[PDB]
Each structure stands twice: as structure tokens, then as C-alpha cells.
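Notes follow the structure.
All of the numbers you see were taken from the coordinates with simple rules; none came from a lab. Positions of Cβ are backbone-derived with ideal geometry, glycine not excepted, and every protein chain shown enters the neighbour counts.
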Amino acid sequence: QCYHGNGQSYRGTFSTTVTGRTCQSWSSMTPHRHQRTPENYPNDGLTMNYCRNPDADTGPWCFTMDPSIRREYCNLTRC
């Protein structure tokens, strides 16, 4: 189970961007501050740092550990 479709149902624990960079916990306003958090979107599996699709993008993504790259997709195939 990679992801399916636009991967809105992705509920896996994969956390790396296509560029090997690492994902930022969704709760955390650091490095990047967002409103796509577990307390705003109670039903979007926004667990820890896992690759999600809270906003109907085209595959799971995540903000970054890289103070410089806010977000990026994730290294997942199209199931």
C-alpha cells in the first residue's frame, strides 16, 4: 500500500520527500507555520510527520525540516 488516486486515503508512515529531505511533524509551527494541523483537521490522519494529503493535492506531501523548503511531495509511487 503506497498511495492510491490523488492519495487522499494515504494513512502510512512514510516521511521523506522526493529529494531525501525529512518531514516536519504536523503539530509543529517550526520550521514552517501552517493551519493544516491535527486540531484543525481532526480527520486527516495528520499523525506525527507522515506523508498526508490534507488538501486534495495530487499525492501525499509534507512541510520540511529544511528551513528553506517549506513543502514538497513525498517519495511515493502511484499505487
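Please specify each residue of segment 21-79 satisfying the condition of being aliphatic (A, V, I, L, M) and more than 22 Å from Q1 (Cβ to Cβ). Across segment 21-79, the qualifying residues are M29, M65, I69. Suppose the filter is on the phi > 0 side of the Ramachandran plot and touching a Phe, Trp or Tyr at 6+ places or on another chain (Cβ under 6 Å); does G59 pass it? Here the answer is yes, as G59 does meet what is asked.
Checking each residue in segment 56-79 for being closer than 16 Å to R11 by Cβ and acidic (D, E) picks out only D57.
Could you grab me the full set of residues in segment 49-65 that are buried (at least 16 other Cβ atoms within 10 Å of the Cβ) and of a type outside the set (K, R)? If you could, list the steps in order and put the result at the bottom.
From segment 49-65, those buried (at least 16 other Cβ atoms within 10 Å of the Cβ) are 49-54, 59-65; that's our starting set.
Of everything in segment 49-65, those that are buried (at least 16 other Cβ atoms within 10 Å of the Cβ) and of a type outside the set (K, R) turn out to be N49, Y50, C51, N53, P54, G59, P60, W61, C62, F63, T64, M65.
Kindly evaluate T30 against the criterion of being β-branched (V, I, T), surrounded by 14 or more Cβ atoms within 10 Å (Cβ to Cβ) and without any contact (Cβ under 8 Å) to a residue 12 or more places away in the chain. In short, no. Restrict the check to segment 43-56 and report whether at least one residue is under 9 Å from the mean Cα position of the chain (by Cα) and among the small types (G, A, S). The answer is no, given that none of the residues of segment 43-56 is under 9 Å from the mean Cα position of the chain (by Cα) and among the small types (G, A, S). Is it fair to say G7 is in contact (Cβ under 8 Å) with a residue 60 or more places away in the chain, on the phi > 0 side of the Ramachandran plot and small (G, A, S)? Criteria met by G7. Going through (1) farther than 14 Å from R11 by Cα; (2) surrounded by 13 or more Cβ atoms within 10 Å (Cβ to Cβ); (3) touching a residue at least 24 places away in the same chain (Cβ under 8 Å); (4) not aromatic (F, W, Y) one by one, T37 falls short only on (3). Across segment 3-24, a minimum of one residue is classified as outside any loop (DSSP other than H, G, I, E, B), surrounded by fewer than 17 Cβ atoms within 10 Å (Cβ to Cβ) and of a type outside the set (D, E).
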